[PDB]
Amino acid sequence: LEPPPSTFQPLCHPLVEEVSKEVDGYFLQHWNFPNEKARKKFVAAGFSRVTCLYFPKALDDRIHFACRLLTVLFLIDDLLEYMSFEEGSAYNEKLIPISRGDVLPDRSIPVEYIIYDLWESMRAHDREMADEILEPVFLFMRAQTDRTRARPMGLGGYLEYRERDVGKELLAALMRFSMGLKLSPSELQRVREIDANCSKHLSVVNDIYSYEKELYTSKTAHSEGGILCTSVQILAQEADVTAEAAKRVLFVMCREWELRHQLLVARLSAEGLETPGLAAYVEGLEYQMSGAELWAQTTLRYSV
C-alpha cells in the first residue's frame, strides 16, 4: 500500500527514548497481561512513540502524562472489544468518578488505581488545564460503546460519530495541556472548522491502517464490542469495491483534507484572527495528523 504525497513533515518529541522506557516499564510493572506474548506485543505497539509523534512540541516535564493517558486509553480500547455494550459502558463508567478524583480506587485492580494516580499527578502539575481534559475524555469513553456502532451508517453520519470515538477533543485538550497552550473561549470557537476537518483525517487514516486488525477482531471477539465500524467498510459497500480499493480512494481524500487544512489556516490569517496562541495550535493539529500517519505505517499493532 503506497501513500500519496503529503506536504506535512512529522515531528517527534526529543525525549521519546527516555519517556518511552519510563512509561513502558511502569505498565509492565502494574498492568495485567495474560502472558509474556501480550507483554511483548505491548512494547511493540510503541504507545509512547505515537504520543511523542502527536505532541512533538510538548513541554519536557509534561510529555510523560500524555504517554500515560494515551497508553491506558489504548489498553482499554482493546479490552472493550471482548465485552458487550452494556459490559463496556459499565467498565468505562466506573473509571469516570475515579478520574475526577472523587471516588478512591480499588487498589487491587490495576486499571482503577493507574487512572486515579495519573489524574492526581496531572491536577498536581497544572490543575486548570488538567481539568479541561476530563469531559473530552468521558465524551470519547461514552462514544466507544454508543449503540450507533450497530446501526448502519453512511460516510457523513460515520464521520460525525467518529469525531467522538476517535477522541478529537480529548487529543486537543491533552495537546494544549502538554504544551501549556492557553486559549480563550473566543479563540477556541474561532477554529471549530479546522478541528472538524482535522478529525476526519485522524479517523480515516486510522481506519485505513487498522482495517485488517479490525476485520479479524470482528470475526473473533465479541459480536457487539468487536463490531466492524470503519470508513473503509462503508465506502467499500457503497462503491462496491474491495477494502483495498476503498483504502486507496480514502487516502486521496485524506490528502484533500490536508489541503483544506492549509486553506482554512491561510484564510484565518487573512484576518487578524490568527492570534499567536492560535498559530501554535493549528501547527499542533498538523503534527497530530502527520504523526498518527507515520506511526500507523510502522507500528506492529496494525501489521498483525
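Residues carry their position along the shown sequence, with the first being 1.
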- line: Looking only at C-alpha temperature factors in the entry, 27 to 35 or 243 to 251, the higher average sits in 27 to 35
- request: Take the C-alpha B-factors listed in the entry for 97 to 105 and for 167 to 175, compute each mean, and give the stretch with the larger one.
  value: 97 to 105
- line: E286: C-alpha B-factor third of its chain, per the entry, is the middle
message: When the deposited Cα B-factors of this chain's modelled residues are ordered and cut into thirds, is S223 in the lowest, the middle or the highest one?
response: highest
query: Against its chain's modelled residues, does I234's Cα B factor rank lowest, middle or highest third?
result: lowest
message: Can you tell me whether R190 has a C-alpha B-factor in the lowest, middle or highest third compared with the other modelled residues of the same chain?
response: highest
- prompt: Lowest, middle or highest third: where is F85 by C-alpha B factor in its chain?
  reply: highest
